[PDB]
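Peer 1: Quick one: structure below, then a few questions.
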Amino acid sequence: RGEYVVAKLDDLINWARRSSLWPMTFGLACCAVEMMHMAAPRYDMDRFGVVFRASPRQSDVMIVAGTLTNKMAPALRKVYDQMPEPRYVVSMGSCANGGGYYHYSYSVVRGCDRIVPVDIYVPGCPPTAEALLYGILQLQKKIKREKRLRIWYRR
Amino acid sequence: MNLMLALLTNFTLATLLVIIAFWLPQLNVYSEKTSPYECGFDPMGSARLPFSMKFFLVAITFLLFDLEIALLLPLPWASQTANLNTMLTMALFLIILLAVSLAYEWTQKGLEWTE
Amino acid sequence: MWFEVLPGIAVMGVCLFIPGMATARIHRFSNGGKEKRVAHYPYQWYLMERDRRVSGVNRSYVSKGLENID
Amino acid sequence: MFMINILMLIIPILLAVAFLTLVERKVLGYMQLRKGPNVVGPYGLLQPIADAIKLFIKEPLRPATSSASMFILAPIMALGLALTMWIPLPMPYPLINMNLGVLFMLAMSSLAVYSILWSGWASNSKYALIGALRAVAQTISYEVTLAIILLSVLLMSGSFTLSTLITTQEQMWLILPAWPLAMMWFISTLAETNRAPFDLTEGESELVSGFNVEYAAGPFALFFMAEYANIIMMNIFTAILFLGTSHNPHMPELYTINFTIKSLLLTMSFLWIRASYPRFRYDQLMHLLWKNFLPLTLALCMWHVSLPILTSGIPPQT
Amino acid sequence: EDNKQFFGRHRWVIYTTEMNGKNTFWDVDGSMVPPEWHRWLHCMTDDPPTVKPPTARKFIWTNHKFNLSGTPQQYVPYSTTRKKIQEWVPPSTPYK
Amino acid sequence: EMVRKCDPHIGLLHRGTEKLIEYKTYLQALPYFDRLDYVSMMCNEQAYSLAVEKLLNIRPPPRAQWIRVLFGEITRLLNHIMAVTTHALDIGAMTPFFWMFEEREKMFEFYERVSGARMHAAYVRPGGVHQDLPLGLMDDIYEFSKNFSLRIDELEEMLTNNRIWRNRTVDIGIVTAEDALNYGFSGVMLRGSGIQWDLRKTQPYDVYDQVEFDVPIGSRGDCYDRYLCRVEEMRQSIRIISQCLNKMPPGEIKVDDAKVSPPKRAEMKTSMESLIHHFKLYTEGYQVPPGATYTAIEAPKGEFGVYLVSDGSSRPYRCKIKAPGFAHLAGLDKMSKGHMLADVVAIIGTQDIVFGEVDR
Amino acid sequence: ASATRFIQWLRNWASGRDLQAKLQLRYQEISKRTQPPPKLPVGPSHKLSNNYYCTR
Amino acid sequence: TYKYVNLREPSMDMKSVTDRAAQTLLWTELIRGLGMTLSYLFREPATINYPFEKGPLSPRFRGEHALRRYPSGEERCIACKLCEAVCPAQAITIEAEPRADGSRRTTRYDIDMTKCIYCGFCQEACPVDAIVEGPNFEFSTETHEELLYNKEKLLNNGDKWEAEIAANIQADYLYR
Ligand SMILES: COC1=C(OC)C(=O)C(C/C=C(\C)CC/C=C(/C)CC/C=C(/C)CC/C=C(/C)CC/C=C(/C)CC/C=C(/C)CC/C=C(/C)CC/C=C(/C)CC/C=C(\C)CCC=C(C)C)=C(C)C1=O
Ligand SMILES: CCCCCCCCCCCCCCCCCC(=O)OC[C@H](COP(=O)(O)OCCN)OC(=O)CCCCCCCCCCCCCCCCC
Ligand code: SF4
Ligand code: SF4
Ligand code: SF4
């Protein structure tokens, strides 16, 4: 049957994408320190297949770790745009979620979701290294439930 | 025949992998996605502008020394001759002059990159 | 622990072993169970092209001993 | 049966490269007090398979400012030439038995540089350009030293045939008579493979990603595959040059096992080194090989021309 | 538990393969640990719930629910205050 | 690749902290200071607390002053681990980052066990600290400190005598002692050029005059001498931590003046005066007498101070923050003269820049 | 702490230190996660007499 | 007191010059760097097996917010608004009115979890231990709106984590 085959192919590409997530080397503020500790030996994000790469053209995930200011917002959109698809965005911390401590500032963007689409919101100020890792494993489950090929098969 | 078939297979496999890369995935091309990368901000000028080479003198010297390997590589065969006294003399003379060239450029600050 | 790195080296080692083993066994199969004749110089190539003619089957790896002289 | 021989070479090479990426991440992990890939498959054995699929089903983009024909020619050239440097390697029998195999590998290693220069230039990006011109400086640095280091060793072997290096080291490894040359050779393979502490063409912390900053998806994978196939090859070359293995014509597999172990250990040393040292400045790499290795290599080249003559130990021509 | 393991690796949970009707053989989640065991697993205390159970309250959830984001059971914010200004309703009978 | 001009553009992390502080009470403004130099959180809090206490004309109790010094020097380990290893990470040496960030993780638990937050404790406040150390913490700090010296030795084995590391750092970014003073440098940026200055010894605060430690001094003024100074300062911080673990006195941990520090919750639920002061100290805050102060501390990255202005109300009128990295980064153009691109990567790391404080 | 005697010798030799004496992984030498309750002291101003606020 | 870090004069006797010559030519101090990373390869890694193992925390940990009840089920919060006044981020919005039984209670208790800085000032200022920061930290969401907690969401959090919340307050209230 054709539905069975596309279901298995969907499970294969979904598996490959969630097992080889490559975050862009992109951090803005204090929240990036907690992102470093997720790469530190205790949590070792690399063991899940999550490897940082600096070039936006070799990244699959953007983690907006810190405050997004009006000056930096055009830069963020540019690097997000230069990510080949499929691309997912993870918003880390109060600043990147909705402005946080600086919601009412003349120079702060009230949430990175005004600039880019966001797939997972990680709360905290900063989220602990173990709370960011929960969001990454929650993103992987989200990718595991994608139905790209099944939706194509019945178009 | 074998060497040519080995080369065709290596570059055919390389080509087929590239073809799959461009035709298998789902593409969503738009202007901002394909703009040049300069860390997030638009590049200030063209990447085709002149790029000063501070080791230009050492690069010219590489052309002259890279020709010494052509003259030195026949030495394993040269050692098979019956004129060993002459062969060993000219082998050492040729290498020594290659060394004097290095000494001259080194002492005259030729290997130092320009400011 | 560190010995959990070994499984990745064993797989890598098996992959590096195959090219050498396959060439060694494929040469035996293509030359009648002998090493492939090495001909770096014309004299060796001259003897290999003489082996073809002597074999009578257009193969240089088919040897003919004293049974072929009388 | 020759086409089967070719496939029995490139396909295992691509599998060894795939799992060398796993082995490097786990070896770097444990030298950094962590584990590395252990989730995707048992002990991370499926991590390379997940990465290959991910990269080849991802969107590749041609930059708007790129030169398309050269931009796409470069990755093809890189992988096509990284697989071509294995055909003369005796393991113990070469796929292609060349009388000048050492020269052939030199020529191919100089042609593979242009997969960097054309990749970086065609991308029409400033970081790709800075990366490309660092490959020009790097090649200017090691090329002269590398060729004369090979020549010194070949004066004890007597030929440019790779299979002859097996006969030369039948009684003893060449590491003993040529340990000074083995040290410089090892460093020159690090520079020639763009490996840390000489990873300057990419230079992640300086050029983001260097010559391949604009490459994505499959085209990037080809550069990565070429990079890792070269380090294995340059260590197989080193094992043959300085750590010769005994060849029993009735047990050609024993050679392969022993020869494979040494190549793995030399390859592990590349990963061991990448975890231990900082990065040279690329002008400091030029001075390392022109002011230290070249004076020594020239002296050792004279020494190895004279030593066989004055001891009556000139090797046979054939 | 294994007190010979170094601190951090000396306590662990092997998650159930089914919880609240969800198949969790492969899809385990950190939020599946009930609160009483959440304190022991994170080393906020030395005593497990089996040796020192939590105080019983009739309003405490008897059934623990994991993170429900992305499902129909997710939480949807809304204002919990009533309307503030009451609009005038015209008479339903013509004046004429 | 030769650098002809450096033009740092900052403000990509400018959030208006100084303007936002003017709308907060002195207590509400404290968590802003953990987020300026977000690697030296409890040192930023102390500088703010010393300024408000100076304007309040009150004095934190002796036990609070020892906790603040103790966690002031644990914080210096956090900052110097971040500074040295990232500086080495940008230069190509990545292994030390992982070794020492397993030591930062353990020092984050000390933060988490006194405040509840791994980084932004908000623990040090005007009047003392917020809560007493939980039982058994000092034993855990002793165990961590007993081994940390070996961790630094492993760090030095990889870097100090390495010739590749010395090539990247010796004679790179030389700054003269005269230029450093005029450009506004402070901390290791002065001490690396041979200037004998350290506010912990010349203008002591809290109980720094009751501890013994040596100030490292450079000789060349380059990136290698500033690396040695930072590694040697980590050793001296362990030396101070030993003295703070043994001289820790008993007593209360916040000033016993309930118009400045809130009362204990047990007293807040039993006493009328304590409930009134708890109510006012958390709605209006404490009024600070009018006046302006400039108060500075030897923060891990240099001289960190605040020019705090009060108008007599509970909200600050002006709060100017002196980030040491603001002056250092301003000098990146002078220190980069005659160097290549890869050297500017080394100069940035030697200045120990965090843009939470530079941009504020 | 579970390393065999041989591996302990190898790692001590390769670094030049006695690593076992100072292990960077924590073990049962840490404090108990459950502690007895405290009884914290009071400040100098907790007095019933001679404690008027205008004098402090 | 100060000390010099890099003020040393090397020895010039022939044995010391030869020792430095051997270091330059034989890479002794680089081989020593290799030996330090080899030692780490044979140590046990510090990685924990998350989510099957969790990093240690303490009773003071400041996680997700929750509204507590008295043991009888009555809400502790009496709409004093001290948390709203002290919240540095203004993440708390409160409305209140006399309840049907005349009790001072809230009709709106919202926390914008994207404005909040998880500082704990609210639980410090609460005179009835009503608003607390719980021990939960694994509550990431797939949409922004799910992080705008209202009173119903906060009471559900309190009823969910009360067993753990009460034990943590029991372990730390004498330090408060
Ligand atoms: C404190 O102040 C501050 C800073 O200061 C430090 C800051 O910076 C920032 C800014 C912050 C950031 C930009 C983010 C910082 C976060 C970090 C985690 C950095 C901290 C330090 C690290 C050391 C983290 C990781 C970096 C390194 C160098 C670790 C080394 C380990 C690795 C695994 C990296 C890569 C290594 C290897 C060996 C290669 C793995 C790579 C791959 C791409 C996978 C394999 C590749 C493939 C192509 C697939 C394989 C198979 C193929 C190709 C197919 C073959 C088979 C076939 C069949 C074809 C802020 C805000 C700040 O406030
Ligand atoms: C004893 C070990 C033998 C085995 C070693 C084999 C390796 C040889 C390569 C290393 C060089 C060592 C050999 C050189 C002689 C060493 C012994 C020696 O010099 O005598 C000891 C004597 C004591 O030294 P001292 O008085 O304290 O101070 C020096 C004052 N001139 O010093 C003196 O005062 C005598 C005068 C010293 C100056 C002589 C010139 C020495 C430098 C020339 C280069 C030597 C290296 C040349 C070879 C390079 C290749 C390795
Ligand atoms: S959310 Fe908190 S930790 Fe993250 S950048 Fe904002 S203030 Fe810093
Ligand atoms: S934790 Fe702090 S920021 Fe968050 S709601 Fe409470 S007082 Fe406001
Ligand atoms: S939660 Fe506490 S502080 Fe906030 S309004 Fe209710 S009773 Fe007052």
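Residues in the structure tokens are named by chain (A, B, ... in the order shown) and by number from 1 within that chain; ligands are numbered from 1 in the order shown.
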Report as a PyMOL selection string: the residues of stretch 50-170 of chain H with a DSSP assignment of helix (DSSP H, G or I), based on the backbone of this structure.
Peer 2: chain H and resi 82-86+121-125+145-147+151-170
Peer 1: Counting only C-alpha atoms and all ligand atoms, what are the residues, protein, DNA or RNA alike, that approach ligand 5 to within 12 Å? I want them as a JSON list (two decimals) with N, CA and C atoms, in the first residue's frame.
Peer 2:
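What follows is the written file result20.json:
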[["chain", "number", "residue", "atom", "x", "y", "z"],
["F", 278, "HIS", "N", 7.29, 45.23, 56.89],
["F", 278, "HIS", "CA", 7.26, 44.30, 55.76],
["F", 278, "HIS", "C", 6.37, 44.83, 54.65],
["F", 279, "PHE", "N", 5.21, 45.37, 55.01],
["F", 279, "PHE", "CA", 4.29, 45.91, 54.01],
["F", 279, "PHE", "C", 4.92, 47.07, 53.26],
["F", 282, "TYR", "N", 8.03, 46.40, 50.87],
["F", 282, "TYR", "CA", 7.77, 45.64, 49.66],
["F", 282, "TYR", "C", 6.78, 46.32, 48.73],
["F", 283, "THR", "N", 6.16, 47.42, 49.15],
["F", 283, "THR", "CA", 5.33, 48.24, 48.28],
["F", 283, "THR", "C", 6.02, 49.55, 47.92],
["H", 65, "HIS", "N", 5.58, 28.98, 38.97],
["H", 65, "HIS", "CA", 4.77, 29.58, 40.01],
["H", 65, "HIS", "C", 3.53, 28.74, 40.30],
["H", 66, "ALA", "N", 3.02, 28.90, 41.52],
["H", 66, "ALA", "CA", 1.86, 28.16, 41.98],
["H", 66, "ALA", "C", 1.17, 28.95, 43.07],
["H", 67, "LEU", "N", -0.15, 28.83, 43.12],
["H", 67, "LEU", "CA", -0.96, 29.41, 44.19],
["H", 67, "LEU", "C", -1.40, 28.31, 45.13],
["H", 68, "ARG", "N", -1.14, 28.49, 46.42],
["H", 68, "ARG", "CA", -1.36, 27.45, 47.42],
["H", 68, "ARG", "C", -2.70, 27.65, 48.12],
["H", 69, "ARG", "N", -3.11, 26.61, 48.84],
["H", 69, "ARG", "CA", -4.32, 26.61, 49.65],
["H", 69, "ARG", "C", -3.96, 26.32, 51.10],
["H", 75, "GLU", "N", -8.29, 29.25, 49.58],
["H", 75, "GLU", "CA", -7.13, 29.90, 48.99],
["H", 75, "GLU", "C", -6.40, 30.74, 50.03],
["H", 76, "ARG", "N", -5.08, 30.68, 50.02],
["H", 76, "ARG", "CA", -4.30, 31.52, 50.91],
["H", 76, "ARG", "C", -4.29, 32.97, 50.46],
["H", 77, "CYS", "N", -4.33, 33.22, 49.16],
["H", 77, "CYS", "CA", -4.23, 34.58, 48.65],
["H", 77, "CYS", "C", -5.45, 35.39, 49.06],
["H", 78, "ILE", "N", -5.21, 36.58, 49.60],
["H", 78, "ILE", "CA", -6.28, 37.46, 50.05],
["H", 78, "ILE", "C", -6.17, 38.81, 49.36],
["H", 79, "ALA", "N", -5.61, 38.82, 48.15],
["H", 79, "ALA", "CA", -5.63, 39.99, 47.28],
["H", 79, "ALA", "C", -5.01, 41.22, 47.94],
["H", 80, "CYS", "N", -3.90, 41.02, 48.65],
["H", 80, "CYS", "CA", -3.21, 42.15, 49.25],
["H", 80, "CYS", "C", -2.45, 42.97, 48.21],
["H", 81, "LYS", "N", -1.97, 42.33, 47.14],
["H", 81, "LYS", "CA", -1.24, 42.95, 46.04],
["H", 81, "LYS", "C", 0.18, 43.34, 46.40],
["H", 82, "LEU", "N", 0.79, 42.69, 47.40],
["H", 82, "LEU", "CA", 2.20, 42.95, 47.68],
["H", 82, "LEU", "C", 3.09, 42.38, 46.58],
["H", 83, "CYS", "N", 2.73, 41.21, 46.05],
["H", 83, "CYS", "CA", 3.50, 40.64, 44.96],
["H", 83, "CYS", "C", 3.45, 41.54, 43.73],
["H", 84, "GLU", "N", 2.28, 42.09, 43.42],
["H", 84, "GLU", "CA", 2.17, 42.97, 42.27],
["H", 84, "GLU", "C", 3.00, 44.23, 42.43],
["H", 85, "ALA", "N", 3.10, 44.76, 43.65],
["H", 85, "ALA", "CA", 3.85, 45.99, 43.89],
["H", 85, "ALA", "C", 5.35, 45.77, 43.86],
["H", 86, "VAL", "N", 5.83, 44.59, 44.25],
["H", 86, "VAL", "CA", 7.26, 44.33, 44.32],
["H", 86, "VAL", "C", 7.81, 43.67, 43.07],
["H", 87, "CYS", "N", 6.96, 43.15, 42.20],
["H", 87, "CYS", "CA", 7.43, 42.42, 41.04],
["H", 87, "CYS", "C", 8.28, 43.34, 40.17],
["H", 91, "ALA", "N", 5.12, 41.60, 36.02],
["H", 91, "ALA", "CA", 4.55, 40.42, 35.39],
["H", 91, "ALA", "C", 3.25, 39.97, 36.02],
["H", 92, "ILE", "N", 2.81, 40.59, 37.12],
["H", 92, "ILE", "CA", 1.63, 40.17, 37.86],
["H", 92, "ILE", "C", 0.54, 41.22, 37.69],
["H", 93, "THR", "N", -0.65, 40.78, 37.29],
["H", 93, "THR", "CA", -1.84, 41.62, 37.24],
["H", 93, "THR", "C", -2.90, 41.00, 38.13],
["H", 94, "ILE", "N", -3.47, 41.80, 39.02],
["H", 94, "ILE", "CA", -4.42, 41.32, 40.01],
["H", 94, "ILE", "C", -5.65, 42.20, 40.01],
["H", 95, "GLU", "N", -6.81, 41.56, 40.12],
["H", 95, "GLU", "CA", -8.06, 42.24, 40.44],
["H", 95, "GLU", "C", -8.72, 41.48, 41.58],
["H", 96, "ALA", "N", -9.50, 42.19, 42.38],
["H", 96, "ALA", "CA", -10.12, 41.59, 43.55],
["H", 96, "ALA", "C", -11.46, 42.25, 43.82],
["H", 104, "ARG", "N", -12.14, 38.55, 51.17],
["H", 104, "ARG", "CA", -11.24, 39.30, 50.30],
["H", 104, "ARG", "C", -10.49, 38.30, 49.43],
["H", 105, "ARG", "N", -10.90, 38.18, 48.17],
["H", 105, "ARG", "CA", -10.31, 37.21, 47.26],
["H", 105, "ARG", "C", -10.14, 37.86, 45.89],
["H", 106, "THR", "N", -9.39, 37.19, 45.03],
["H", 106, "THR", "CA", -9.04, 37.71, 43.72],
["H", 106, "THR", "C", -9.99, 37.17, 42.66],
["H", 107, "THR", "N", -10.30, 38.01, 41.68],
["H", 107, "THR", "CA", -10.99, 37.57, 40.47],
["H", 107, "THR", "C", -10.05, 37.42, 39.29],
["H", 108, "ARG", "N", -8.91, 38.10, 39.31],
["H", 108, "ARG", "CA", -7.86, 37.94, 38.32],
["H", 108, "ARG", "C", -6.54, 37.80, 39.05],
["H", 109, "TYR", "N", -5.77, 36.76, 38.72],
["H", 109, "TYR", "CA", -4.39, 36.63, 39.18],
["H", 109, "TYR", "C", -3.59, 36.08, 38.01],
["H", 110, "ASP", "N", -3.04, 36.98, 37.20],
["H", 110, "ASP", "CA", -2.28, 36.63, 36.02],
["H", 110, "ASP", "C", -0.80, 36.86, 36.27],
["H", 111, "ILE", "N", 0.01, 35.92, 35.80],
["H", 111, "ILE", "CA", 1.46, 36.11, 35.71],
["H", 111, "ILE", "C", 1.85, 35.88, 34.26],
["H", 120, "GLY", "N", 11.74, 35.41, 42.67],
["H", 120, "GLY", "CA", 11.23, 35.01, 43.96],
["H", 120, "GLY", "C", 10.80, 36.15, 44.87],
["H", 121, "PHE", "N", 10.89, 37.40, 44.41],
["H", 121, "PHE", "CA", 10.49, 38.51, 45.27],
["H", 121, "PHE", "C", 9.03, 38.41, 45.66],
["H", 122, "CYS", "N", 8.19, 37.82, 44.81],
["H", 122, "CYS", "CA", 6.78, 37.70, 45.14],
["H", 122, "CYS", "C", 6.56, 36.78, 46.34],
["H", 123, "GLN", "N", 7.24, 35.63, 46.38],
["H", 123, "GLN", "CA", 7.05, 34.74, 47.52],
["H", 123, "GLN", "C", 7.68, 35.29, 48.79],
["H", 124, "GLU", "N", 8.71, 36.12, 48.66],
["H", 124, "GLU", "CA", 9.24, 36.81, 49.84],
["H", 124, "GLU", "C", 8.21, 37.76, 50.41],
["H", 125, "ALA", "N", 7.51, 38.50, 49.55],
["H", 125, "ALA", "CA", 6.59, 39.55, 49.98],
["H", 125, "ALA", "C", 5.22, 39.03, 50.37],
["H", 126, "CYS", "N", 4.87, 37.81, 50.02],
["H", 126, "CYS", "CA", 3.55, 37.29, 50.35],
["H", 126, "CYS", "C", 3.47, 37.03, 51.85],
["H", 127, "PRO", "N", 2.53, 37.64, 52.57],
["H", 127, "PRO", "CA", 2.44, 37.39, 54.02],
["H", 127, "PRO", "C", 1.67, 36.14, 54.39],
["H", 128, "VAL", "N", 1.22, 35.34, 53.43],
["H", 128, "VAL", "CA", 0.41, 34.16, 53.73],
["H", 128, "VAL", "C", 0.91, 32.94, 52.98],
["H", 129, "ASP", "N", 2.10, 33.03, 52.40],
["H", 129, "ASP", "CA", 2.69, 31.91, 51.65],
["H", 129, "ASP", "C", 1.75, 31.41, 50.56],
["H", 130, "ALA", "N", 1.13, 32.35, 49.84],
["H", 130, "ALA", "CA", 0.16, 31.99, 48.81],
["H", 130, "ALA", "C", 0.82, 31.77, 47.45],
["H", 131, "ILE", "N", 1.54, 32.77, 46.96],
["H", 131, "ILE", "CA", 2.27, 32.65, 45.71],
["H", 131, "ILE", "C", 3.67, 32.15, 46.03],
["H", 132, "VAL", "N", 4.04, 31.03, 45.43],
["H", 132, "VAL", "CA", 5.37, 30.45, 45.60],
["H", 132, "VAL", "C", 5.91, 30.11, 44.23],
["H", 133, "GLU", "N", 7.23, 30.00, 44.16],
["H", 133, "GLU", "CA", 7.90, 29.42, 43.01],
["H", 133, "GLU", "C", 8.18, 27.96, 43.33],
["H", 151, "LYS", "N", -5.51, 32.74, 36.77],
["H", 151, "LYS", "CA", -5.71, 32.21, 38.12],
["H", 151, "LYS", "C", -6.00, 30.72, 38.09],
["H", 154, "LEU", "N", -2.83, 28.81, 37.71],
["H", 154, "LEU", "CA", -1.97, 28.88, 38.88],
["H", 154, "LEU", "C", -2.51, 28.04, 40.03],
["H", 155, "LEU", "N", -3.83, 27.96, 40.17],
["H", 155, "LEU", "CA", -4.40, 27.07, 41.18],
["H", 155, "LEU", "C", -4.20, 25.61, 40.80],
["H", 158, "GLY", "N", -0.71, 24.78, 41.79],
["H", 158, "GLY", "CA", -0.61, 24.58, 43.23],
["H", 158, "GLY", "C", -1.18, 23.25, 43.67]]
Peer 1: Do you know which residues are at most 7 Å from stretch 65-82 of chain D counting only C-alpha atoms, after dropping those on the same chain fewer than 2 positions away, and could you put them as a short mmCIF file (atom, residue, chain, number, x, y, z; two decimals) with N, CA, C and O atoms, in the first residue's frame?
Peer 2:
data_model
loop_
_atom_site.label_atom_id
_atom_site.label_comp_id
_atom_site.auth_asym_id
_atom_site.auth_seq_id
_atom_site.Cartn_x
_atom_site.Cartn_y
_atom_site.Cartn_z
N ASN B 10 35.03 7.49 -9.59
CA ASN B 10 35.13 8.40 -8.46
C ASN B 10 34.42 9.72 -8.74
O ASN B 10 33.73 10.25 -7.86
N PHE B 11 34.57 10.26 -9.94
CA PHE B 11 33.92 11.52 -10.28
C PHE B 11 32.48 11.33 -10.73
O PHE B 11 31.72 12.31 -10.74
N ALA B 14 30.83 11.18 -7.26
CA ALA B 14 30.79 12.54 -6.73
C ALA B 14 29.70 13.36 -7.41
O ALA B 14 28.99 14.13 -6.75
N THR B 15 29.54 13.20 -8.73
CA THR B 15 28.54 13.96 -9.45
C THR B 15 27.13 13.53 -9.07
O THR B 15 26.25 14.37 -8.84
N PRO B 36 24.51 37.21 0.28
CA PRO B 36 25.81 36.82 0.85
C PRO B 36 25.81 36.94 2.36
O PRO B 36 25.09 37.75 2.95
N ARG D 62 22.17 28.01 -3.76
CA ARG D 62 23.23 28.70 -4.48
C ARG D 62 23.15 30.19 -4.14
O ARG D 62 22.13 30.82 -4.44
N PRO D 63 24.18 30.78 -3.53
CA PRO D 63 24.09 32.20 -3.18
C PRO D 63 23.85 33.06 -4.41
O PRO D 63 24.30 32.76 -5.51
N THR D 84 40.35 9.30 -5.23
CA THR D 84 41.37 8.93 -6.21
C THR D 84 42.74 8.73 -5.58
O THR D 84 43.62 8.14 -6.21
N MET D 85 42.95 9.20 -4.35
CA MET D 85 44.23 9.04 -3.69
C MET D 85 44.35 7.72 -2.94
O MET D 85 45.35 7.49 -2.26
N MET D 108 48.10 14.65 -7.10
CA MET D 108 46.68 14.74 -6.76
C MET D 108 46.45 15.63 -5.55
O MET D 108 45.42 16.31 -5.47
N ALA D 112 43.93 18.88 -5.48
CA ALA D 112 42.82 18.96 -4.54
C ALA D 112 42.78 20.28 -3.79
O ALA D 112 41.77 20.59 -3.15
N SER D 115 39.96 22.63 -5.06
CA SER D 115 38.61 22.46 -4.53
C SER D 115 38.34 23.42 -3.38
O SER D 115 37.18 23.67 -3.06
N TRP D 118 38.63 27.34 -5.54
CA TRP D 118 37.46 27.61 -6.37
C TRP D 118 36.18 27.61 -5.55
O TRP D 118 35.26 28.37 -5.86
N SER D 119 36.11 26.78 -4.51
CA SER D 119 34.97 26.84 -3.60
C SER D 119 34.87 28.21 -2.95
O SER D 119 33.81 28.84 -2.96
N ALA D 122 34.33 31.12 -5.72
CA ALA D 122 33.04 31.08 -6.41
C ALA D 122 31.90 31.51 -5.50
O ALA D 122 30.90 32.03 -5.98
N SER D 123 32.04 31.29 -4.19
CA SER D 123 30.99 31.69 -3.27
C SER D 123 30.77 33.19 -3.27
O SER D 123 29.68 33.65 -2.89
N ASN D 124 31.76 33.97 -3.68
CA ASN D 124 31.64 35.42 -3.75
C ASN D 124 31.26 36.00 -2.39
O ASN D 124 30.38 36.85 -2.27
N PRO D 219 26.07 19.47 -0.81
CA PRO D 219 27.36 20.04 -1.22
C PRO D 219 28.33 20.22 -0.07
O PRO D 219 29.53 19.98 -0.23
N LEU D 222 29.91 16.80 0.92
CA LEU D 222 31.00 16.34 0.07
C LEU D 222 32.34 16.90 0.54
O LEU D 222 33.35 16.19 0.56
N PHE D 223 32.37 18.18 0.93
CA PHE D 223 33.59 18.74 1.48
C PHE D 223 33.98 18.05 2.78
O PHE D 223 35.16 17.77 3.02
N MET D 225 33.12 14.97 3.69
CA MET D 225 33.57 13.63 3.35
C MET D 225 34.98 13.64 2.78
O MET D 225 35.80 12.78 3.12
N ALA D 226 35.28 14.60 1.91
CA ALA D 226 36.63 14.70 1.36
C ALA D 226 37.65 14.98 2.46
O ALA D 226 38.76 14.44 2.44
N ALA D 229 38.18 11.68 4.49
CA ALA D 229 38.83 10.64 3.71
C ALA D 229 40.31 10.93 3.51
O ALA D 229 41.10 10.01 3.32
N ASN D 230 40.69 12.21 3.55
CA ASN D 230 42.09 12.57 3.35
C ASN D 230 42.93 12.24 4.58
O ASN D 230 44.08 11.81 4.44
#
Peer 1: Could you check how far atom CA of residue D:151 sits from atom CA of residue D:300, in Å to one decimal?
Peer 2: 10.1 Å
Peer 1: Identify, counting only C-alpha atoms and all ligand atoms, the protein, DNA and RNA residues located within 7 Å of ligand 1, and give them as number ranges by chain.
Peer 2: A: 25-30, 32-33, 35-36, 39, 46, 51-52; D: 14-15, 17-18, 21, 24-25, 28, 48-49, 51-52, 220-222, 224-225; F: 39, 82, 86, 89, 94, 97-98, 354-355
Peer 1: Enter the distance from atom CA of residue A:50 to atom CA of residue H:114, in Å, rounded to one decimal.
Peer 2: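 These two atoms are separated by 25.8 Å.
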Peer 1: Within 10 Å of ligand 2, counting only C-alpha atoms and all ligand atoms, which protein or nucleic acid residues do you find, written as JSON, numbers by chain?
Peer 2: {"H": [11, 12, 13, 14, 15, 16, 17, 18, 19, 21, 22, 25]}
Peer 1: List all protein, DNA and RNA residues that have at least one atom no more than 7 Å from any atom of ligand 3, counting only C-alpha atoms and all ligand atoms, and write them as a ChimeraX atom specification.
Peer 2: /A:29-31,65-67,93-96,100-101,124-126 /F:35 /H:117
Peer 1: Please tabulate, as a Markdown table, the residues of chain F that come within 12 Å of ligand 4, each with its closest pair of atoms and the distance in Å to one decimal, counting only C-alpha atoms and all ligand atoms and ordering rows by chain, then residue number upward.
Peer 2:
| residue | atom | partner | partner_atom_place_in_ligand_line | distance |
| --- | --- | --- | --- | --- |
| F:27 | CA | ligand 4 | 7 (S) | 11.1 |
| F:28 | CA | ligand 4 | 7 (S) | 8.9 |
| F:29 | CA | ligand 4 | 3 (S) | 11.5 |
| F:30 | CA | ligand 4 | 2 (Fe) | 11.3 |
| F:31 | CA | ligand 4 | 2 (Fe) | 9.0 |
| F:32 | CA | ligand 4 | 3 (S) | 11.1 |
| F:116 | CA | ligand 4 | 1 (S) | 11.2 |
| F:117 | CA | ligand 4 | 1 (S) | 10.8 |
| F:120 | CA | ligand 4 | 2 (Fe) | 11.2 |
| F:121 | CA | ligand 4 | 2 (Fe) | 11.4 |
| F:122 | CA | ligand 4 | 2 (Fe) | 10.3 |
| F:282 | CA | ligand 4 | 7 (S) | 10.4 |
| F:283 | CA | ligand 4 | 7 (S) | 11.8 |
